[PDB]
Every structure is written in structure tokens, then in C-alpha cells.
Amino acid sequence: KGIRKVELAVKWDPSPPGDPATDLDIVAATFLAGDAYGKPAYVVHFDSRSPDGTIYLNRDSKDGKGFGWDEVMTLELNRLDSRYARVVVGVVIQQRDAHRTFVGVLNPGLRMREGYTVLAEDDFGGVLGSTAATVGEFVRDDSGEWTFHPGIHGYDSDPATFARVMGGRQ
């Protein structure tokens, strides 16, 4: 693809007053060249900074209150050390307060772009029964160029489990 820098943005509307809050989190995982579909080298989310500052959450929301994009993450893929050959991005729905799948989130949406070029948009309509989803993959070849592989894949897991398994091959 020749992808250099990606922004992943996610939006949703809040739960009704008095219901448990709806909280989606963006998470990214990096994988090593010698194990691209295996154990994450590290993960980035609202409670876990990148060790190298190249992938970072720009803003979060714990309730979806607010017009426009509620949570945004930047991935400076060009700057990743060559040891990293694959990055997976995903969205989890927090489960601690209530079992909630994408159909139970009001008007969820995502957008991924490189600069001003939109790469993907989705409403999670293919994963309505899931509690988390991977929403995109980037793979770097021997030429050094990052390719984006679209695809939304649903998971039935909670956030902590998802972060460990989100690299699995599809």
C-alpha cells in the first residue's frame, strides 16, 4: 500500500441516562517479523503507552458523550523499527458494567485514514453480536512498504483477553 501514517477514529452515542455507560476502546498490537501472527510485542490503549512513541491514543471517551469522533489513535507506521512486521488494530466494548455487543452500542462508527485519504469506514454491522473486533491489519514487506488489509472480524472476548489474542491469523 505504501502506508506511512494512519489515524483510526471511533464514535458512538451514549447509553440512556441511568443505564451502564457504553465505553469503546481502540487498541493496537505490534508483532515481530519472526512471529507475525503470534504473541504481541506490545499493545497500545488508553492504559498502555507505546514504548517507542510511534503509536498513540490522541483522545479517549468512557461514555461516548460528545459529537464527532470520540476516540482517535495515530499509528506512525513509517517510524516503526523494522523488527515489527505487522500491526493489528481493534475496538473493544468494555464489559465490566454490563454484557454489551455492537448491536447494544448506539450508532457506532469507525474511520481509518492516511493523511486525508479515507482507507476504511464501518458501522460494525457485520459484527453485531460481538464484544470486540479487529478492524484492520497492516503488514510490511521486504521492500519496507506497509500494506493495509481491510477486514472486520468479531470476537466474543473481554478487553484483556482480546488484547492477547487479537493477532490471530484470519
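In case it trips you up, residue 1 is the first one in the sequence shown, and so on.
Chemist: Comparing 42 to 50 with 64 to 72, which has the greater mean CA B-factor as deposited?
Modeler: Stretch with the higher mean C-alpha B-factor: 42 to 50.
Chemist: As stated in the PDB record, which stretch has the larger average Cα B-factor, 31 to 39 or 112 to 120?
Modeler: Mean C-alpha B-factor is greater for 31 to 39.
Chemist: Using the temperature factors of the C-alpha atoms in this entry, rank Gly144 within its chain: lowest, middle or highest third.
Modeler: Tercile = highest for this residue's CA B-factor.
Chemist: Within this chain, which third does the Cα B-factor at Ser82 fall in: lowest, middle or highest?
Modeler: Its C-alpha B-factor, which the entry lists for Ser82, ranks in the highest third among residues of this chain.
Chemist: Could you look up the Cα B-factor of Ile3 in the entry and say which third of the chain it sits in: lowest, middle or highest?
Modeler: Highest third, going by the recorded CA B-factors of the chain.
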